[PDB]
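J.: Using PDB author numbering, the letters of the sequence shown correspond one by one to residues 1 to 89.
Backbone N, C-alpha and C define an ideal beta-carbon position, used for all residues, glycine too.
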Amino acid sequence: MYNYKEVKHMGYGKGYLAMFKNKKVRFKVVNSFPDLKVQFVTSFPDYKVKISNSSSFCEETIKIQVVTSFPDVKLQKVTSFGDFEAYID
Numbered sequence: 001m002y003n004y005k006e007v008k009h010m011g012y013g014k015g016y017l018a019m020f021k022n023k024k025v026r027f028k029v030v031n032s033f034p035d036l037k038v039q040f041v042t043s044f045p046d047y048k049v050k051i052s053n054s055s056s057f058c059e060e061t062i063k064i065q066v067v068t069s070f071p072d073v074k075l076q077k078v079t080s081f082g083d084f085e086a087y088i089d
């Protein structure tokens, strides 16, 4: 999505999510031409995310799409004690 840095690069990965590690972010779950496929689990896969009910605070927004198999990046939605904060649609 839009930002201060050049958005010439395409395809986001794990490192991309680390860009805002220990910071706040926004997530937008879509059902078409998504940005990244991230599956949600009950445990802590690779990274942890904290689900919040707020929009006027996020620094950036990224489109995502929950999959059933062959997920791009797994995240753990918790209320606290997580890695970073992200508000998914």
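Name the DSSP beta bridge partners of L36, please?
T.: In the sequence shown, the residue the question calls residue 36 occupies position 36. Its beta-bridge partners are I64.
J.: Taking only three categories from DSSP, how would you classify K28?
T.: The residue given as residue 28 occupies position 28 in the sequence shown. Strand, per DSSP.
J.: Is it the case that the CB of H9 approaches a heavy atom of the ligand ZN more closely than 7 Å?
T.: This structure lacks the ligand ZN; in fact it carries no ligand of any kind.
J.: Are the segment 42-62 and the segment 79-87 touching by the rule of at least three beta carbon pairs closer than 8 Å?
T.: Yes, the segment 42-62 is in contact with the segment 79-87.
J.: Could you check whether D46 and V73 sit closer than 8 Å to each other, using their CB atoms as the reference points?
T.: Along the sequence shown, read from residue 1 onward, the residue named residue 73 stands at position 73. Along the sequence shown, read from residue 1 onward, the residue named residue 46 stands at position 46. Yes, Cβ-Cβ distance for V73 and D46 is below 8 Å.
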